[PDB]
Amino acid sequence: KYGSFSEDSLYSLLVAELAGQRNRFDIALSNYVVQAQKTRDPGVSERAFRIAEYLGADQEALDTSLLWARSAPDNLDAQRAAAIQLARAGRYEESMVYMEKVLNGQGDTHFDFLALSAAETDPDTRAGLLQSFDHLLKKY
Amino acid sequence: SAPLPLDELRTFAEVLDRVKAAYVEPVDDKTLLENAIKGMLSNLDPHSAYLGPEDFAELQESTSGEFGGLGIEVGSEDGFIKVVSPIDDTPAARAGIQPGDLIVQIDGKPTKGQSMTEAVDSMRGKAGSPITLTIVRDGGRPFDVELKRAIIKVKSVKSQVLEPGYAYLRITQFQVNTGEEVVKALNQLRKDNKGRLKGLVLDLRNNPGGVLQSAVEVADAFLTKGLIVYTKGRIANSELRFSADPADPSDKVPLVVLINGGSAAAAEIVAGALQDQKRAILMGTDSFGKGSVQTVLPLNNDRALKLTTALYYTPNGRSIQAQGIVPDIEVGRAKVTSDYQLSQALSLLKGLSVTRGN
Amino acid sequence: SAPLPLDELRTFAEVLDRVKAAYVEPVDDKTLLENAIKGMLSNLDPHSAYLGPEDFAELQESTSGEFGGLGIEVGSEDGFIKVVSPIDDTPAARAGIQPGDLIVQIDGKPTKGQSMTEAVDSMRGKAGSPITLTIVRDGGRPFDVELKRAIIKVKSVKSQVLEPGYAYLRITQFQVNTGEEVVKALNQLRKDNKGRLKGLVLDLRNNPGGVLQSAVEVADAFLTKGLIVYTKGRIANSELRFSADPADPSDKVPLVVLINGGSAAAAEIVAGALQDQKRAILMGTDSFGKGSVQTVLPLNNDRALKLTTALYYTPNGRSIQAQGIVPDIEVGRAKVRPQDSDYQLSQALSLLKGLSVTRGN
Amino acid sequence: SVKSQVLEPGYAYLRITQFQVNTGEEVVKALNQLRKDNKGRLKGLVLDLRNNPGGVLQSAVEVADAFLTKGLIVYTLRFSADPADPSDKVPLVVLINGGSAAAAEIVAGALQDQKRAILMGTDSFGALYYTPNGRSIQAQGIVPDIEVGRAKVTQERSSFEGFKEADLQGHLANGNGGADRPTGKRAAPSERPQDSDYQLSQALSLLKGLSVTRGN
Amino acid sequence: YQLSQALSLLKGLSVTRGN
């Protein structure tokens, strides 16, 4: 029931953990991002994204969050974290798509903060997002 | 600025890959990682080890007297079950089963075919779980005995009076409350003589050890000042020293301490504290001679790892590790033409009392 | 598909760092990881070991022929260094060492946790060197045995004639070239009894095993059809199947193989092949049950690890390592020619005579 | 008469077992030889005055004075105490078993009365001569304050040896850097007087206990 | 002894042959 590490994945994750414990956190984040890319497994992406968010970087956080959300579609928290991170970069249609995907499974949802993040973009994007939100309301 | 062991981790990854891809039985990663942890803990020094769930649980039952049982300790004699000892003042042992009882069947299976340890484990179980056993005595008809499993406190110190005015305290093992027990015993001990003890023969022969705090507590119970033992280790918290409260129930009575070849660290602590301080006469064989105070660090899981955090030093500053205590009298087990060594200790105590006069 | 066990890897890394931080001696990460490798290999399978660069070089070429050794072949299946077999014609056999007894300490050093390879290496020494072994006999009181190690040179085969028409072939150890000696002994015996025999009590007891090729040769000598042993293991090259040549110097003599608790892998191979192919009658006690085959796997750079790469199988589905060889007739060795000495041999010879008589002419 | 020994690094054993004109000086001779064999005042001297028929009274007085420097040895003519004590101050444990008769016990007598020594062993044999106190040697004999009947002690050899941590592979080095003693074969090169004779072993053990607890 | 030893050969022989 448990997957098996490849040689390279095992070695990279071991050295990443050692670097993270020795305070060389950048090495850990880079190795974890690469392993999330390759393995595509949920847990590796989970650890990578938590590390990235702790550090506070944006690009690695976004990539890892997308990989995590795609690797664990069941995990609603993954979906909302990916939507939030994407919204940090100025993209919101995918954010609302992910919010709708979460809406299938009951749980905590993030709408007000994402609306605030999307109200500052170009007028066309905000108008389209508001139309989509109204249509979803008609759908609920 | 210390670089990570990149090449060494490369070799480790290659070794694990080959071991998983060559070993005949399909072995999953978790097993090999656990084995590696056990290995890098055990291969440093003999005493350091990795304690799993069951090992950690049984060690916790060891270092704390209370454990789940029937209040009875038993054993096997030439393949026959016999009752050894019912622990006094324990609800599970209140049944007062007859000594030497031979339990034919336990938990629906005869005692035959399973080792004494397996039978004890069958008797052992979660507290509050009733059990039924089948016993036959003197060839009579078998009968069913109902017992109630419960948490029983196990005494670690046994007290006796050998000669009027002289006592005897044997410390089977050091447990969390052992120190306290010793103190209590001392009080009642003097009560047995109406408040006057001419001597005492502490028996630490074959005492595998135990918690350091209990050893310090017993030493202080027999001491009235000075440092008892101080530990040294690389980390900051390990560096530690202990003291002795002025109060002493012993009443400065003459003390003879017995040390055998099986007197391990914890008993060696008391022996060295009472020897390096001119407070008692050691007599016997060289102790096992290990000093390394270990710590049971709890992991994120229930299992924990035991590691040699520090060594300990006697008040004189000499470390007893790897060399052991050398008893002053140096008596060896022999026969006189039952316990020859204890008889020699009592004779020495009586002679010292006489030559001390009043 | 499945999730990686990243939790266990994280736990291992944190354990390593905590061990480094909270230890007495200043221990670097390299030593910790090397110990991790050694201990994972040890815990996985006792016979397996991690032969490093110097050990690999030592294994590549034999150091010297002067070194002797006690001779006993041991196994760590019981948690201690258990004596699987005291080889015949060796000081260890002449002493009180009996197969199945443990070895707690050697020359005063306990062997509760040390690897089998380390204990064996410490066992070997210069010729005539004294040594003291603490042996726990069937869980009894430990006792000290003093022995003088010396060079070991055991004659492979020994052919006697217990009675006109009945032979007896003792195989001390399956050294190299054992096949040639066994065949020559069979030929000379056949000459001794005018080119005909009524029985041959092949005595493969207290045999610490040896070269698998020689064992296959011996099993071939008595067989003309079927396979002797076939291996199984996960790697692609693990499987190795052996065959029996039609030629046989046995001459269809009825056979009785004696199995004692000291039997080893090669002796187990011969016994199991002969028993399963219905060509023999096992007569001694139960075997030991060692069949694993260890192959040194080269590592990345001048290192290797000896790991149990496959295990043997008798021609049937029975695996010798799992259950050993179970003889058809169990006769417990005891005191009442070689027949008059031991009970097993006398029982076997009497059975052979009775079978010959009752088969008709 | 005298015969010295060294049973331990600081526990001499000055057998006498006979009194004569010579022993008066030979006692001091062997005492000096013991002092040189072990530098400084010994930890305790075992004066095995056992099975001693006796001898010249004045030699007994000389030995007594060589052990103590004050008091009257015996009164009946009394013998005083000189200021010179070649014995310095060693805790003296004289032995009396039943052969201690007349002159021999005199040497014991004064000692037992001056507290300078402890009379270990079985009761002694016991004009007229009196010990320093009113008690005599013929009225009731010498009664040792510690009675240790003679016996034989035979140590039992253990087939299995309990390994020490020096044997365990890769044990941590000693804390102070001192050498680690391995657990090799242990045996007595010569049968010591202690294990052969029970009374002497008891005396030596009592001396060791007295020294460890009480100063000297 | 004699009878008992033959008893082992009485059936021990047959089982070796089988049927």
# chains A, B, ... in the order shown; residues from 1 in each chain; ligands from 1
>>> closest_atom_pairs(of="chain A", to="chain B", cutoff="7 Å", atoms="only C-alpha atoms", output="CSV")
residue,atom,partner,partner_atom,distance
A:4,CA,B:29,CA,6.3
A:7,CA,B:17,CA,5.9
A:10,CA,B:13,CA,6.6
A:11,CA,B:13,CA,5.5
A:19,CA,B:4,CA,6.9
>>> interface_residues(of="chain A", to="chain C", cutoff="10 Å", atoms="only C-alpha atoms", output="PyMOL selection string")
chain A and resi 1-6+9-10+13-18+21-22+39-44+47
>>> residues_around(residues="residue 180 of chain D", least_positions_apart="4", cutoff="7 Å", atoms="only C-alpha atoms", output="list in words")
residues 322 and 323 of chain B; 166 and 174 of chain D
>>> closest_atom_pairs(of="chain C", to="chain B", cutoff="6 Å", atoms="only C-alpha atoms", output="tab-separated table")
residue	atom	partner	partner_atom	distance
C:23	CA	B:309	CA	5.4
C:24	CA	B:234	CA	5.3
C:32	CA	B:40	CA	5.7
C:35	CA	B:40	CA	4.7
C:36	CA	B:40	CA	4.2
C:39	CA	B:39	CA	3.6
C:40	CA	B:36	CA	4.3
C:233	CA	B:24	CA	5.0
C:234	CA	B:24	CA	5.2
C:235	CA	B:22	CA	5.8
C:309	CA	B:23	CA	5.5
C:310	CA	B:24	CA	5.7
>>> closest_atom_pairs(of="chain B", to="chain D", cutoff="8 Å", atoms="only C-alpha atoms", output="tab-separated table")
residue	atom	partner	partner_atom	distance
B:44	CA	D:170	CA	7.5
B:45	CA	D:171	CA	5.7
B:46	CA	D:171	CA	6.6
B:261	CA	D:162	CA	6.5
B:262	CA	D:162	CA	7.4
B:278	CA	D:213	CA	6.0
B:279	CA	D:213	CA	6.8
B:280	CA	D:213	CA	6.9
B:281	CA	D:209	CA	6.1
B:288	CA	D:164	CA	5.0
B:289	CA	D:165	CA	6.2
B:290	CA	D:165	CA	6.1
B:311	CA	D:175	CA	7.3
B:313	CA	D:175	CA	7.9
B:318	CA	D:176	CA	6.4
B:319	CA	D:175	CA	5.0
B:320	CA	D:174	CA	7.4
B:321	CA	D:174	CA	5.4
B:322	CA	D:166	CA	5.2
B:323	CA	D:180	CA	5.4
B:328	CA	D:208	CA	7.0
B:329	CA	D:205	CA	5.8
B:332	CA	D:155	CA	7.0
B:333	CA	D:155	CA	6.3
B:334	CA	D:155	CA	4.0
B:335	CA	D:154	CA	5.6
B:336	CA	D:153	CA	4.8
B:337	CA	D:152	CA	5.4
B:344	CA	D:202	CA	7.9
B:347	CA	D:202	CA	7.9
B:348	CA	D:206	CA	5.6
B:351	CA	D:146	CA	6.4
B:352	CA	D:210	CA	6.7
B:354	CA	D:145	CA	7.1
B:355	CA	D:118	CA	6.9
>>> residues_around(residues="residue 342 of chain C", least_positions_apart="6", cutoff="10 Å", atoms="only C-alpha atoms", output="ChimeraX atom specification")
/C:332-336
>>> interface_residues(of="chain C", to="chain E", cutoff="9 Å", atoms="only C-alpha atoms", output="list in words")
residues 281, 328, 329, 347, 350, 351, 352, 354 and 355 of chain C
>>> write_last_selection(atoms="C-alpha atoms", output="PDB file, in the first residue's frame")
ATOM      1  CA  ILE C 281      15.936 -43.590   2.336  1.00  0.00           C
ATOM      2  CA  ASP C 328      11.555 -40.712   6.361  1.00  0.00           C
ATOM      3  CA  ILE C 329      12.705 -42.685   9.428  1.00  0.00           C
ATOM      4  CA  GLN C 347      19.697 -49.441  12.522  1.00  0.00           C
ATOM      5  CA  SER C 350      19.912 -53.770   9.706  1.00  0.00           C
ATOM      6  CA  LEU C 351      17.256 -52.041   7.604  1.00  0.00           C
ATOM      7  CA  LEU C 352      19.364 -52.516   4.473  1.00  0.00           C
ATOM      8  CA  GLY C 354      16.132 -56.686   5.890  1.00  0.00           C
ATOM      9  CA  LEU C 355      15.160 -54.848   2.710  1.00  0.00           C
TER      10      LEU C 355
END
>>> residues_around(residues="segment 210-221 of chain C", least_positions_apart="3", cutoff="6 Å", atoms="only C-alpha atoms", output="list in words")
residues 174, 175, 178, 179, 244, 248, 249, 266 and 270 of chain C
>>> select_by_dssp(residues="segment 17-101 of chain B", states="alpha helix (DSSP H)", output="compact mmCIF listing (two decimals) with C-alpha atoms, in the first residue's frame")
# COMPACT_ATOMS: atom_id res chain seq x y z
CA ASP B 17 18.39 0.52 -3.32
CA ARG B 18 20.51 -2.60 -3.80
CA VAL B 19 19.26 -4.16 -0.56
CA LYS B 20 15.65 -3.63 -1.63
CA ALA B 21 16.25 -4.81 -5.21
CA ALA B 22 18.34 -7.91 -4.38
CA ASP B 29 11.11 0.77 2.64
CA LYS B 30 9.73 1.40 6.14
CA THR B 31 11.25 -1.84 7.44
CA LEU B 32 14.68 -0.96 6.07
CA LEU B 33 14.53 2.59 7.47
CA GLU B 34 13.58 1.25 10.91
CA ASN B 35 16.42 -1.27 10.69
CA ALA B 36 18.83 1.54 9.77
CA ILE B 37 17.70 3.59 12.78
CA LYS B 38 18.14 0.58 15.06
CA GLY B 39 21.57 0.00 13.56
CA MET B 40 22.94 3.52 13.90
CA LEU B 41 21.67 3.59 17.48
CA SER B 42 23.01 0.18 18.53
CA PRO B 53 6.57 0.16 20.91
CA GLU B 54 6.63 -3.06 22.93
CA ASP B 55 10.19 -2.51 24.16
CA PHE B 56 9.40 1.05 25.24
CA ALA B 57 6.23 -0.12 26.99
CA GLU B 58 8.02 -2.88 28.90
CA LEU B 59 10.87 -0.55 29.86
CA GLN B 60 8.27 1.92 31.14
CA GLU B 61 6.75 -0.92 33.17
CA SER B 62 10.25 -1.70 34.47
CA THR B 63 11.38 1.76 35.60
>>> residues_around(residues="residue 201 of chain B", least_positions_apart="3", cutoff="8 Å", atoms="only C-alpha atoms", output="PyMOL selection string")
chain B and resi 166-169+255-258+342+345-346
>>> atom_distance(atom1="atom CA of residue 314 of chain B", atom2="atom CA of residue 211 of chain B")
16.5 Å
>>> atom_distance(atom1="atom CA of residue 51 of chain C", atom2="atom CA of residue 304 of chain C")
5.3 Å
>>> interface_residues(of="chain C", to="chain D", cutoff="6 Å", atoms="only C-alpha atoms", output="JSON, numbers by chain")
{"C": [109, 142, 143]}
